[PDB]
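Methodologically, a virtual Cβ is constructed for each residue, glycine included, from the backbone with ideal geometry; neighbour enumeration extends over all protein chains shown. Derivation of every value follows stated rules applied to the coordinates shown; laboratory data play no part.
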Amino acid sequence: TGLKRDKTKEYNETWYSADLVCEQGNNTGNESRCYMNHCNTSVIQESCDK
Amino acid sequence: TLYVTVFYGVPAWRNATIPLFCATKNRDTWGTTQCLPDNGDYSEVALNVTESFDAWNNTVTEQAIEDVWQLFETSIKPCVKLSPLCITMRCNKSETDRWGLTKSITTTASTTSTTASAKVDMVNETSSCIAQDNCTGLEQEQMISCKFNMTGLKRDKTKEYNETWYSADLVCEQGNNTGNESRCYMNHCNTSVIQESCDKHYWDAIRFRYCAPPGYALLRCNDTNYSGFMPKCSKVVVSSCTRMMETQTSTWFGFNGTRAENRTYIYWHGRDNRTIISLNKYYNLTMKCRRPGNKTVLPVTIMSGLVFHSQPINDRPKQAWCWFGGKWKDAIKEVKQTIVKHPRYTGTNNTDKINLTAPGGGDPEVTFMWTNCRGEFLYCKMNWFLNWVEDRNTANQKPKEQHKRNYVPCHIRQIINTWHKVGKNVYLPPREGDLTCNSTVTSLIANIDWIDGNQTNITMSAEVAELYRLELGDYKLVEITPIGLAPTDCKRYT
Amino acid sequence: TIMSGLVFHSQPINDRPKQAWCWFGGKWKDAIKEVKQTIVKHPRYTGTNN
Amino acid sequence: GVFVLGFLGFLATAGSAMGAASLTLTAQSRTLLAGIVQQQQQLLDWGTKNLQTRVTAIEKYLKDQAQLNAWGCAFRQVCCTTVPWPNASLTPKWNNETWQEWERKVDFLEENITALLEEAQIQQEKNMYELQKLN
Amino acid sequence: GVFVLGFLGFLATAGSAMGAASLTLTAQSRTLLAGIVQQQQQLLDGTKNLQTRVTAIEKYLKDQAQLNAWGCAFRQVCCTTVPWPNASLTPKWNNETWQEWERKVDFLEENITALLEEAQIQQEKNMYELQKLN
Amino acid sequence: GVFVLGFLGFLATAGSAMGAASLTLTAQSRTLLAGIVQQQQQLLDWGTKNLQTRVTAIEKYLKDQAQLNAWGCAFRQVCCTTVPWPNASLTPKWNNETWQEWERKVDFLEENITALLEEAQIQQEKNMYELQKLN
Ligand SMILES: *[C@@H]1O[C@H](CO)[C@@H](O[C@@H]2O[C@H](CO)[C@@H](O[C@@H]3O[C@H](CO[C@H]4O[C@H](CO[C@H]5O[C@H](CO)[C@@H](O)[C@H](O)[C@@H]5O)[C@@H](O)[C@H](O)[C@@H]4O)[C@@H](O)[C@H](O[C@H]4O[C@H](CO)[C@@H](O)[C@H](O)[C@@H]4O[C@H]4O[C@H](CO)[C@@H](O)[C@H](O)[C@@H]4O[C@H]4O[C@H](CO)[C@@H](O)[C@H](O)[C@@H]4O)[C@@H]3O)[C@H](O)[C@H]2NC(C)=O)[C@H](O)[C@H]1NC(C)=O
Ligand SMILES: *[C@@H]1O[C@H](CO)[C@@H](O[C@@H]2O[C@H](CO)[C@@H](O[C@@H]3O[C@H](CO[C@H]4O[C@H](CO[C@H]5O[C@H](CO)[C@@H](O)[C@H](O)[C@@H]5O)[C@@H](O)[C@H](O[C@H]5O[C@H](CO)[C@@H](O)[C@H](O)[C@@H]5O)[C@@H]4O)[C@@H](O)[C@H](O[C@H]4O[C@H](CO)[C@@H](O)[C@H](O)[C@@H]4O[C@H]4O[C@H](CO)[C@@H](O)[C@H](O)[C@@H]4O)[C@@H]3O)[C@H](O)[C@H]2NC(C)=O)[C@H](O)[C@H]1NC(C)=O
Ligand SMILES: *[C@@H]1O[C@H](CO)[C@@H](O[C@@H]2O[C@H](CO)[C@@H](O[C@@H]3O[C@H](CO[C@H]4O[C@H](CO)[C@@H](O)[C@H](O)[C@@H]4O)[C@@H](O)[C@H](O[C@H]4O[C@H](CO)[C@@H](O)[C@H](O)[C@@H]4O[C@H]4O[C@H](CO)[C@@H](O)[C@H](O)[C@@H]4O)[C@@H]3O)[C@H](O)[C@H]2NC(C)=O)[C@H](O)[C@H]1NC(C)=O
Ligand SMILES: *[C@@H]1O[C@H](CO)[C@@H](O[C@@H]2O[C@H](CO)[C@@H](O[C@@H]3O[C@H](CO[C@H]4O[C@H](CO)[C@@H](O)[C@H](O)[C@@H]4O)[C@@H](O)[C@H](O[C@H]4O[C@H](CO)[C@@H](O)[C@H](O)[C@@H]4O)[C@@H]3O)[C@H](O)[C@H]2NC(C)=O)[C@H](O)[C@H]1NC(C)=O
Ligand SMILES: *[C@@H]1O[C@H](CO)[C@@H](O[C@@H]2O[C@H](CO)[C@@H](O[C@@H]3O[C@H](CO)[C@@H](O)[C@H](O[C@H]4O[C@H](CO)[C@@H](O)[C@H](O)[C@@H]4O)[C@@H]3O)[C@H](O)[C@H]2NC(C)=O)[C@H](O)[C@H]1NC(C)=O
Ligand SMILES: *[C@@H]1O[C@H](CO)[C@@H](O[C@@H]2O[C@H](CO)[C@@H](O[C@@H]3O[C@H](CO)[C@@H](O)[C@H](O[C@H]4O[C@H](CO)[C@@H](O)[C@H](O)[C@@H]4O)[C@@H]3O)[C@H](O)[C@H]2NC(C)=O)[C@H](O)[C@H]1NC(C)=O
Ligand SMILES: *[C@@H]1O[C@H](CO)[C@@H](O[C@@H]2O[C@H](CO)[C@@H](O[C@@H]3O[C@H](CO)[C@@H](O)[C@H](O)[C@@H]3O)[C@H](O)[C@H]2NC(C)=O)[C@H](O)[C@H]1NC(C)=O
Ligand SMILES: *[C@@H]1O[C@H](CO)[C@@H](O[C@@H]2O[C@H](CO)[C@@H](O[C@@H]3O[C@H](CO)[C@@H](O)[C@H](O)[C@@H]3O)[C@H](O)[C@H]2NC(C)=O)[C@H](O)[C@H]1NC(C)=O
Ligand SMILES: *[C@@H]1O[C@H](CO)[C@@H](O[C@@H]2O[C@H](CO)[C@@H](O[C@@H]3O[C@H](CO)[C@@H](O)[C@H](O)[C@@H]3O)[C@H](O)[C@H]2NC(C)=O)[C@H](O)[C@H]1NC(C)=O
Ligand SMILES: *[C@@H]1O[C@H](CO)[C@@H](O[C@@H]2O[C@H](CO)[C@@H](O)[C@H](O)[C@H]2NC(C)=O)[C@H](O)[C@H]1NC(C)=O
Ligand SMILES: *[C@@H]1O[C@H](CO)[C@@H](O[C@@H]2O[C@H](CO)[C@@H](O)[C@H](O)[C@H]2NC(C)=O)[C@H](O)[C@H]1NC(C)=O
Ligand SMILES: *[C@@H]1O[C@H](CO)[C@@H](O[C@@H]2O[C@H](CO)[C@@H](O)[C@H](O)[C@H]2NC(C)=O)[C@H](O)[C@H]1NC(C)=O
Ligand SMILES: *[C@@H]1O[C@H](CO)[C@@H](O)[C@H](O)[C@H]1NC(C)=O
């Protein structure tokens, strides 16, 4: 959800192979649950300057 | 033969660009942290030398604009952030329709006649115009009320409150909704988070001198013919520190100026048609502004331990207005006469063809006026004051502008950007109780526009920073170089 | 935009391009042998000379 | 105030011509004598209050004094030097010429004069050491 | 330590009488000589910042400039043309410490400084005129 | 540049022997002339930039002057002192020894010599003025 804290807005971001970890299990849905590579250890910043 | 010789203590100088120490008198919180307490000396010594001075290309002038803005940045940095309150607020449909935010008007609009009589009303303090508002009409209402939840510090439960914005502080989502509640957001909460002004800034006048560090002196051009680009001063006076300076920001005018004088001198920016005019302190050009209805403020806590000052008042007083007063029309005409004789301005000399008019509308920033007094800003149409000052044919736009009056209507905006440098957006808390602010007009912001040999305009401009160029326009900063090299036949010897 | 007034860049590309690669180039094999020869004659390195 | 007039008294000679101008040594010393006093006063109770210019106030003093120490003319109103004058057309008019009016005319070659005299003092400095070593 | 006693050795003169008082040069010079060394030591590895570090520098240049301001640098006793103020306050060189009399003159000390500053300028101006003449 | 050559000229004689070396006074004074303007130039437009080391340049300069003036030999290439030489085994070789080389040999006893002179200057300081007080 964006700055207007009253509604949602779906995007898609296309990651790479070496920047995701996916849950392994018996799920059959075509959707695969995955998280960012390193967001469960620390908060990551953006190389935001040039 | 001749040999080089070194002399120390020679009184010479040169241009320089160094920061300056600020000194202030009424330091509620800004003293001992950024500015020293004042000394209280203003003696100056005249020198029989000539030096060049500029009001726009001056280091002191440029720094003053930076320092005021820089000072304001530190004040709002620790204050609270209003990010949470950017949520849909239920609002009274019958009340937003009246001011046209929704623009949902159907049928109605019955025909009515216009009396078109008299409309030369004038007011002075003895009358009942001041006491009760009530001044010929057109001062009716300005308010809107809404609701929001805003769970507080205890992040487990909500508590619905009410806050009443103004017309120019909300943007509403038009739709085919028949419900009596009109969903409507804040003005600029989807662009950048706005932080309050939870301080005493804008609640009291700010003055502070400028003192150069040791080894640097300030020079002032005391010639009465100073215009801004004159590099030959017959009279020049050295000083240790500058005079006071008012830090009030306004459009079309400058209030509480310290450089008021019996003469209507004009400061001209020779490089183009940028201009500022100083009025006279002989006509008592005082102006008083009032807003009715004594207000209540109910602080509300958000999930940061800080407080958001709301206005749950349900009263509906008349909108703010100002009546100026004093001898105006006789005062203005002297400005036009001065322009004729001033150097430059190779234009017409017909006094009753040079006319003072507002710019061509467009953005609300330049269309309206803007005056700040004791924390609550006011913007006013100013059409009537312009209409009455010149006594022009009242065929201007709709019938609402037909009248010639000494007072003008105003409204309140609370989501205001600091006009000083570029932008931003801040929230000004509302003052409890009634406000009545009185001030003396002592300057004029105007760009003089004329393309042909006829019909020159004294066009107003909305450059707030131009005021600071009148306070220290004649000041120059010079670095002292006490080293002097001249020839001498004497040799070092042994 | 996120709930801080700031922006997070994203890559919504859907087309699939060829993977990245680098091809070096230039006379390289002749270079590394000179590096090998220098180590042989370098002081220290009490090691083989073949 | 006395300090205000005292700090502004140095420039009172700016209107006079070079020949009739009265020099004022110690002016910079007196300038910094009370500057710290004003800064110190009421201080007991971004760079303006901080050291953006306070060091610059110190820096201006040391530069000027170190300038004299480098040239070996400290604590002297006038020091004759062995260096000759440059191109002589720019002759000061000691009757009807202010210091400032002429400092700008020589400003064009001021930088070159600085370099020339610095080398001269070193050469004289070298001579002094040789004489002392001899004896 | 030697420095500790050295900084604390000057004040030993306090008990001594004015006439028997031993004037000491280098009192401030040596104090800043080692204080910078003390803070410099282990610094390689406000109080730490320049809140007060320059204040020592400011204090040093204050007295050094004052000596140069009066044109008496490095002269334990420089005679000046200034005449003495009110003669009621006369030092008792036999049984008076420096501070027992310094406080009494402190009331008029400011005027002496202001009066003496003008006197140096007058003498200063004479030197330039004599040098210019010849 | 002249400044680059000028500032680096101090070590130009570092290779020379003790006697043949030409001492260079004003090295700190001349350096403070041109080093500071490098910082000042274009500054008009954390620690290294503003105040951590900028003052350290000032602190370094005052140390030499304070150290010099505490010993009472400022503005003098050579001043004779009353203090006798310490253990004489470290006799300088005026023909085939460099200043820094010989300085490293004295560094062991450098600290002790410093203390002896400071006390010695105090004694002369007490005597020199007391004679003026005497007569
Ligand atoms: C151009 O210049 C013009 C000339 O200056 C400007 O117009 C002037 O603007 C100044 C502000 O810069 C105004 O002064 C302020 O007025 C405030 C309101 O005054 C009311 O009361 C007046 C009666 O008081 C009389 O007696 C007092 C004491 O002797 C005397 O000072 C005063 O002048 C008057 O003779 C009445 O005449 C008025 O009409 C109002 O009804 C006043 O409160 C201000 O004082 C503040 O602020 C100062 C520091 O500036 C403090 O030292 C004070 O203690 C006081 O602070 C208290 O009040 C603040 C405001 O209410 C609060 O914010 C503070 O928190 C504080 O205490 C509050 O909280 C307490 C908690 O217990 C409560 O108990 C308190 O009651 C408080 O609520 C200041 O004097 C001028 O009045 C005004 N003049 C005119 C003619 O308009 C003009 O604005 C400039 N141009 C522009 C564009 O603005
Ligand atoms: C320290 O601080 C002080 C302030 O406290 C500083 O003082 C200011 O310093 C600047 C720069 O030194 C000055 O700017 C310069 O001003 C001169 C003079 O301007 C006036 O005279 C002009 C004369 O021109 C006529 O006469 C000549 C013969 O003399 C003829 O040849 C011409 O054709 C003309 O007929 C006049 O033209 C000017 O008119 C301006 O003002 C009037 C209102 O009075 C307007 O209506 C005009 O439209 C116009 O704006 C003015 O009256 C200027 O001549 C200089 O401009 C030249 O240089 C500019 C920058 O390079 C350039 O953009 C211009 O086009 C012009 O170009 C000249 O130079 C080029 C490069 O050499 C050449 O290639 C070119 O051919 C041409 O020769 C310049 O703007 C300020 O006046 C001065 N004072 C103030 C108050 O600002 C000081 O500088 C600081 N520093 C120091 C070290 O002191
Ligand atoms: C730029 O700024 C100048 C400076 O003020 C401004 O000039 C003013 O212009 C107006 C016109 O728009 C002038 O008003 C006119 O004044 C003349 C002169 O009368 C003088 O003397 C009498 C005594 O004999 C005084 O009472 C009077 O106040 C003046 O001092 C009048 O003769 C004009 O008469 C009007 O009314 C008549 C009926 O009574 C009509 O027959 C006549 O045509 C005029 O009609 C205009 O005014 C009517 C008033 O009701 C109105 O209904 C009409 O529709 C029409 O508008 C007239 O009053 C004023 O004196 C000028 N003042 C000055 C100082 O120059 C420019 O107008 C202004 N221009 C722009 C473009 O900004
Ligand atoms: C503040 O505002 C005022 C108006 O409110 C400006 O006044 C105008 O200033 C400009 C300056 O450029 C004037 O233009 C000049 O006109 C002169 C008149 O001769 C002929 O000008 C043009 C052709 O140039 C003809 O169309 C006209 O009919 C005249 O026959 C010219 O001599 C000038 O020529 C110079 O400038 C032009 C470019 O503009 C060059 O091509 C030429 O080679 C030459 O260098 C000039 O054109 C204009 O007339 C003024 N308006 C008037 C008088 O009503 C002020 O300039 C403005 N302040 C500042 C600082 O700009
Ligand atoms: C040189 O210095 C001496 C030393 O101070 C000085 O003598 C002093 O003069 C002051 C006056 O300036 C005396 O002050 C008096 O003190 C007595 C108590 O000791 C008071 O009773 C006096 O009160 C009267 O005067 C007041 C001053 O206006 C009035 O307000 C009051 O109503 C009384 O009328 C007065 O304060 C002081 O006692 C002496 N002595 C000392 C030791 O201070 C001398 O005047 C100076 N001379 C010069 C030429 O400088
Ligand atoms: C003045 O300084 C000189 C220079 O140091 C000093 O004479 C020299 O002292 C050093 C050591 O301080 C001697 O070096 C010797 O080296 C041999 C090995 O080569 C060691 O065996 C020696 O040890 C004996 O001598 C020491 C003192 O010299 C004793 O403390 C120790 O217990 C051993 O008995 C020693 O390390 C060097 O040989 C001498 N002579 C020279 C360099 O000609 C001289 O003593 C100093 N004057 C004094 C102290 O009055
Ligand atoms: C994720 O990225 C993809 C791009 O690869 C976005 O897909 C596009 O989504 C739009 C609608 O949001 C599609 O438009 C619609 O397509 C259907 C196809 O049958 C058509 O019937 C509709 O009339 C309409 O044109 C578009 O085709 C589609 N493009 C693709 C898949 O290549 C998708 O929107 C992104 N996800 C988001 C924004 O949440
Ligand atoms: C702003 O919000 C507050 C709630 O936070 C509103 O308070 C409410 O005010 C109404 C009107 O006074 C109260 O109505 C009551 O109704 C009973 C019915 O019997 C009557 O007896 C009372 O005398 C009173 O009229 C209501 O109880 C009250 N609610 C709370 C929780 O306080 C306030 O009205 C709002 N401001 C407005 C609408 O201007
Ligand atoms: C001095 O003020 C007058 C009054 O506003 C200026 O006249 C105005 O000039 C603008 C620009 O040309 C006009 O805008 C256009 O006018 C036409 C009709 O001419 C209209 O059809 C367009 O929609 C547009 O509004 C404006 O009308 C005109 N106003 C009047 C009352 O004549 C004048 O330009 C100013 N002086 C200078 C030098 O600009
Ligand atoms: C984990 O997931 C796999 C894949 O869906 C499951 O595999 C089935 O397991 C059951 C027995 O539990 C077999 O009867 C099926 O033949 C297996 N294949 C399929 C396609 O269903 C597996 O059982 C899951 N693990 C569990 C349930 O513990
Ligand atoms: C500016 O005024 C000063 C006086 O305040 C003038 O200084 C005098 O100039 C005359 C010129 O002949 C000399 O004879 C005097 O000796 C100068 N000093 C005094 C005290 O009068 C100065 O000349 C004036 N300069 C200008 C340009 O008018
Ligand atoms: C757009 O809004 C108007 C006004 O709200 C809607 O007009 C309504 O139309 C319906 C029938 O479609 C009527 O039953 C209602 O009485 C009308 N008035 C209101 C207030 O609802 C209109 O239908 C809307 N158009 C849409 C949603 O497409
Ligand atoms: C100004 O008005 C007069 C009179 O109507 C006219 O002749 C002249 O042309 C006008 N000015 C211009 C530049 O046209």
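Cross-link pairs exceeding 28 Å in C-alpha to C-alpha distance, out of D:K126/E:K132; B:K476/D:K105; A:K50/B:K421; B:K476/F:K60, comprise D:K126/E:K132; B:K476/F:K60. Of the residues B:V389, B:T440, B:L170, the one whose Cα sits farthest toward the positive end of the charge dipole of chain B, with +1 on the Cβ of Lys and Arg and -1 on the Cβ of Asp and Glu, is B:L170. Each of E:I112, B:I354 has some number of other Cβ atoms within 10 Å of its Cβ, and from fewest to most they run E:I112, B:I354. By the rule of a C-alpha distance below 18 Å, with chain neighbours fewer than 8 residues away ignored, the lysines paired with E:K92 are E:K104, F:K133. Shown for chain A: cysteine residues without a partner Cβ closer than 4.7 Å, namely A:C39, A:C48.
Cβ distances below 4.7 Å define possible disulfide partners, and in chain E the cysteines left without one are E:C79. With all pairs of separate Cα atoms included, chain B yields a Kirkwood hydrodynamic radius of 26.1 Å. Would you mind finding the longest exposed-site-free stretch of chain B, with exposed GluC sites (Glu not before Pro) meaning DSSP loop and at most 15 other Cβ atoms within 10 Å? My reading of the result: B:174-431 is the longest stretch. Amide H to amide H distances under 5 Å link B:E261 with B:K281, where only residues 5 or more positions off or on other chains count and H is placed in the peptide plane.
Think of the protein assembly as shown as having a plus end and a minus end, set by charges on the Cβ of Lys, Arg, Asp and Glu; of F:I113, C:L6, B:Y267, C:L6 sits farthest toward the positive end of this dipole.
Charge dipole (Cα centre; +1 on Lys/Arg Cβ, -1 on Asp/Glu Cβ; no other charges) of the range B:296-374 amounts to roughly 360 debye. Across the range B:127-138, computed HN-Hα scalar couplings (Karplus, 6.51 cos²θ - 1.76 cosθ + 1.60, θ = phi - 60°) run 5, 8, 4, 5, 5, 10, 6, 6, 9, 6, x, 6 Hz from first to last residue, x flagging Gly and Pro. Look at the dipole of the protein assembly as shown built from charges on Cβ: of B:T61, E:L32, F:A12, the Cα furthest out on the positive end belongs to B:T61.
Directionally averaged projected area (the range B:443-484, Cα convex hull): 5.8 nm².
Give the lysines whose C-alpha is closer than 25 Å to that of B:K341, dropping any in the same chain fewer than 8 places away, or say none. Partners within reach: B:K232, B:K235, B:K281, B:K327, B:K329, B:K333, B:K353.
A DSSP coil position with no more than 10 other Cβ atoms inside 10 Å describes the following trypsin sites (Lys or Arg not before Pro) in the range B:21-106: B:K103. Classified by the C-alpha gyration tensor, the range B:124-250 has a prolate form. Its axis ratio a/c, with a ≥ b ≥ c, is 1.5 or above, and a/b is larger than b/c. Enclosing the Cα atoms of the range D:66-131 in their convex hull gives a volume equal to 117 cubic angstrom per residue. A Cβ-based charge dipole, computed about the Cα centre of the range B:1-117 with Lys and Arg at +1 and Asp and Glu at -1, lands at about 840 debye.
With label points built 7 Å along Cα→Cβ from the Cα atoms of D:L5 and F:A115, find their separation and express it in nm. If labels sit at D:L5 and F:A115, their model points lie 5.5 nm apart. Evaluated on the range B:358-494, the Kirkwood hydrodynamic radius is 19.7 Å, with distances taken between all distinct Cα atoms.
The ellipsoid that matches the Cα gyration tensor of chain E has semi-axes, each √(5λ) in whole angstrom, of 32, 24, 14, with the longest given first. Sparse packing (at most 16 other Cβ atoms within 10 Å of the Cβ) combined with a DSSP loop state is found for the following trypsin sites (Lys or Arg not before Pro) in the range D:73-135: D:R76, D:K93. Working value for chain A: equivalent-ellipsoid semi-axes of 24, 19, 11 Å, each the square root of 5 times a Cα gyration tensor eigenvalue, largest first. Sequentially through the range B:308-320, phi angles give Karplus couplings (6.51, -1.76, 1.60; θ = phi - 60°) of 10, 6, 9, 10, x, 4, 9, 6, 10, x, 6, 6, 5 Hz, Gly and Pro residues having no value and appearing as x. The HN-Hα couplings worked out from phi for the range B:482-492 by the Karplus form 6.51 cos²θ - 1.76 cosθ + 1.60 (θ = phi - 60°) are x, 9, x, 10, 9, x, 7, 5, 5, 10, 4 Hz, whole numbers, x standing for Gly and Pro. Cβ crowding within 10 Å ranks B:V340, B:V237 as B:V340, B:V237, fewest other Cβ atoms first. Label-to-label distance for F:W85 and B:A395 is 11.2 nm, based on points extended 7 Å past Cα in the beta-carbon direction. Put in line by how crowded their Cβ is, counting other Cβ atoms within 10 Å and starting with the fewest, E:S22, B:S145 read E:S22, B:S145. Along its principal axes, the protein assembly as shown has C-alpha extents of 117, 92, 67 angstrom, given from the largest down.
When the alpha carbon gyration tensor of the range B:269-353 is reduced to an equivalent ellipsoid, its three semi-axes come out at 46, 20, 11 angstrom, largest first. Compared with the direct C-alpha span, the chain from B:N222 to B:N314 gains 27.6 nm at full extension, assuming 0.36 nm per residue.
In terms of its Cα atoms, the range B:201-303 spans 60, 40, 28 Å along the principal axes, sorted from long to short. In this structure, F:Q100 and C:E34 have a Cβ-Cβ separation that, at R0 = 41 Å, corresponds to a calculated FRET efficiency of about 0.55. Partner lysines whose Cα lies under 25 Å from the Cα of A:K4, excluding those fewer than 8 positions away in the same chain, are identified as B:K77, B:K81, B:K93, B:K103, B:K147, B:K154, B:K157, B:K159, B:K424. Taking every alpha-carbon pair within the range B:414-494, the share separated by more than 22 Å comes to 66 percent.
Dipole size of the range B:376-494 about its Cα centre, with +1 on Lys/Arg Cβ and -1 on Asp/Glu Cβ: approximately 260 debye, rounded to the nearest 20. Under the simplified labelling scheme, the D:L44-B:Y3 pair shows an inter-label distance of 5.1 nm, with each label point 7 Å from Cα along Cα→Cβ.
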